[PDB]
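Have a look below at one chain only, the form deposited in one PDB entry, in structure tokens format.
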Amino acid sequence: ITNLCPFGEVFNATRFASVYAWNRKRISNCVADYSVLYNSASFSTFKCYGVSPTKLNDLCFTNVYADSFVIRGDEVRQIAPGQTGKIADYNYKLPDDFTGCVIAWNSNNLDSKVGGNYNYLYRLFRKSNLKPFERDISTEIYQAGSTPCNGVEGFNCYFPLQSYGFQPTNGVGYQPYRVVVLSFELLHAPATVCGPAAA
């Protein structure tokens, strides 16, 4: 079935994950019009690393993954190789050798309420940085000192997750952005994900 990749299911999903609990959808055995995404005009960020966005329709890949989550506008810059900060270190980390596109759009109209949207969380604390594409959904109380923690919150013993408050009248830097990260894998196996214009 040489039929269109279900990119609609990723980009137009009703629900998006919290960044700490970021979704990964495997895409295979389908034809993908990357140009319609790139030329869309809904997106505020579209950055392709190790591949030109205008040649995507001409390439085939072994596997495509679509990772998706919500962050604040001024965190979108952290979804890039080499970056540091709460998001890049403790929630979602790209490898230094990343091949793929980082795509984002303002989602203020979907992910802010009147009185503010409190449904989204991010990991604030961790013992070390995530490895590329690592996911940590643990709620173990974080031990910031020598003193053991025993699952109990105290003066150096922190709950590791905090809530985004998405206020609708805030500045764009504080607004929610939906993000999709496409990773392109080219291995020694049959290439199952192709543009319309590829062999």
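For every residue, the number given is its place in the sequence shown, counted from 1. Whichever C-alpha set is largest while still superposing within 1.5 Å between the two forms counts as the rigid core. Only residues modelled in both forms are compared.
Take the C-alpha B-factors listed in the entry for 147 to 155 and for 167 to 175, compute each mean, and give the stretch with the larger one.
Looking at the record's C-alpha B-factors, the answer is 147 to 155.
Comparing 7 to 15 with 184 to 192, which has the greater mean CA B-factor as deposited?
In the deposited entry, the stretch with the higher C-alpha B-factor mean is 184 to 192.
Which is it among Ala32, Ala66, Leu161, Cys48: the one with the largest CA B-factor in the entry?
Highest C-alpha B-factor among the listed options: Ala32.
Relative C-alpha B-factor of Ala41, binned into the chain's lowest, middle or highest third:
Tercile = middle for this residue's CA B-factor.
Where does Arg77 sit by CA temperature factor within its chain: lowest, middle or highest third?
Lowest third of the chain for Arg77's C-alpha B-factor.
Which third of the chain does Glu134 land in by C-alpha B-factor: lowest, middle or highest?
It belongs to the lowest third of the chain when residues are ordered by C-alpha B-factor.
Sort the modelled residues of this chain by their C-alpha B factor and say whether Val70 lands in the lowest, middle or highest third.
Lowest third.
Just so it is clear, the following notes concern the form deposited in another entry, a form of the same protein that is not shown.
Superposing on the core, which single option in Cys60, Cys149, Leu161, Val31 has a CA shift of 2 Å or more between the shown form and the other one?
After core superposition, the single residue displaced by 2 Å or more is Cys149.
Suppose the core is superposed; which segments, at least 3 residues long, show C-alpha displacements of 2 Å or more throughout between the shown form and the other one?
Moving stretches, in sequence order: 145 to 152, 186 to 188.
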